[PDB]
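If you count the sequence shown from 1, position 204 lands on 207 in UniProt numbering, and the numbers rise without skipping.
Please read the structure below before turning to the comments.
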Amino acid sequence: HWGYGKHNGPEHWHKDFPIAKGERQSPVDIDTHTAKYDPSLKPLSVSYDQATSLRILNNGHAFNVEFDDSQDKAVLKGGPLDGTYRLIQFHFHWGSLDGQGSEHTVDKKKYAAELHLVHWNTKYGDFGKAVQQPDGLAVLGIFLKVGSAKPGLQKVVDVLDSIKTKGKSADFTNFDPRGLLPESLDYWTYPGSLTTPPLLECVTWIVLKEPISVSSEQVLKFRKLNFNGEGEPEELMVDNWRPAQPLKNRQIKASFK
Ligand SMILES: COc1cccc(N2C=Cc3cc(S(N)(=O)=O)sc3S2(=O)=O)c1
Ligand SMILES: [Hg+2]
Ligand SMILES: [Zn+2]
């Protein structure tokens, strides 16, 4: 149903998902001058050393690397969070050109792509319960800029050939998500939602200020993915991002000054 085309893109979402015009929708523009430094903000605790990746699959919207979240293998704690959040999957949003692709912007600036490491609040038992809570999910957002190649990203880039079309999946075990992290864990944080339908407002967004760079050839491989399934007319998977939403009654807190 929903997609990123003129006929079923972000502008049409509200018809099937009314929360699209809700009070805490993401992504948002991060205005750095009016964001508030908060000294009571704890540092992030990202423990991804016991992470266990399982699959990589094209879902017609993006490609997702899924992880085993049956136990606290890769968790997120600290920062503005209270409780442990488990990594269940990560995905990217990218554009058809280097000047677009990220969902969140910084002072209106768009990056080439954006990585979202999705975590769910373990106090809720399972992911399905978590998406029914205002503090059910924590998504770590990381910006990707085009520059030098990101070593930890190549393994993902290589397997894209086997998951070109919608519905395809491939085994993708022993992948270390720590290769996708910037050097600094400084961040901005605000209450928001999923950036794609069902557009649920259960997310505490933690967007890192430091982006990671990837070569144009690495992000180039992203653009050869297909929205369509095999045997269907080809649709390049590009621009799978949602425009910034009004901040409304919200303030973005910074962990740095
Ligand atoms: C009942 O809601 C469900 C159930 C199962 C999966 C999802 N998901 C859908 C979209 C979606 C978009 C995300 S983003 N771009 O904001 O980080 S994270 C995410 S999801 O958790 O994978 C929602
Ligand atoms: Hg929710
Ligand atoms: Zn996303």
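The C-beta atom is built at its ideal place from N, Cα and C for all residues, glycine as well.
| query | result |
| --- | --- |
| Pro137: CB within 7 Å of a non-hydrogen atom of ligand 4 | Within the structure as shown, ligand 4 is missing, the only ligands being ligand 1, ligand 2 and ligand 3. |
| Nonlocal neighbours in the same chain, by C-beta distance under 6 Å from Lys80, ignoring five residues either side | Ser48 and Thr87 |
| Rounded C-alpha distance that separates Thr37 from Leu188 | 21 Å |
| Heavy atom of ligand 3 within 7 Å of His122 beta-carbon | no |
| Best match in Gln135, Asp179 and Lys171 for proximity to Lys153 [C-alpha to C-alpha] | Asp179 |
| Uninterrupted beta strand (DSSP E) stretches inside the segment 103-156 (no shorter than 3 residues) | 116-124 and 140-149 |
| Buried versus exposed call for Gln53 [16 or more other C-beta atoms within 10 Å across all chains shown] | exposed |
| heavy atom of ligand 1 below 7 Å from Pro154 C-beta | no |
| contact_flag[the segment 89-101, the segment 65-75] where n(CB pairs < 8 Å) is 3 or more | yes |
| Under 8 Å between C-beta atoms of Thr198 and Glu106 | yes |
| Proximity winner among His122, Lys111, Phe146 and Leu202, relative to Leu211 (alpha-carbon distances) | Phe146 |
| Beta-carbon gap between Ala247 and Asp85 smaller than 8 Å | no |
| Buried or exposed (CB count within 10 angstroms, at least 16 for buried), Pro214 | buried |
| Member of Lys227, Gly139, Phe66 and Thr55 whose CA lies at the smallest distance from the CA of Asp75 | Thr55 |
| Within 5 Å of ligand 2: residues by beta-carbon to any heavy atom | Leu203 and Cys205 |
| With 16 other Cβ atoms within 10 Å as the buried cut-off, status of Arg181 | exposed |
| Entirely enclosed beta strand (DSSP E) segments - the segment 50-84, minimum 3 residues | 56-61, 66-70 and 78-81 |
| Under 8 Å between C-beta atoms of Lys148 and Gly232 | no |
| Separation of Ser218 from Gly150, as counted between CA atoms | 5 Å |
| Extent of the continuous beta strand (DSSP E) to which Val206 belongs | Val206 to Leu211 |
| Cβ-heavy atom distance, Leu239 to ligand 1, below 7 Å | no |
| CA nearest to the CA of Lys24, picked from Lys256, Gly104 and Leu250 | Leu250 |
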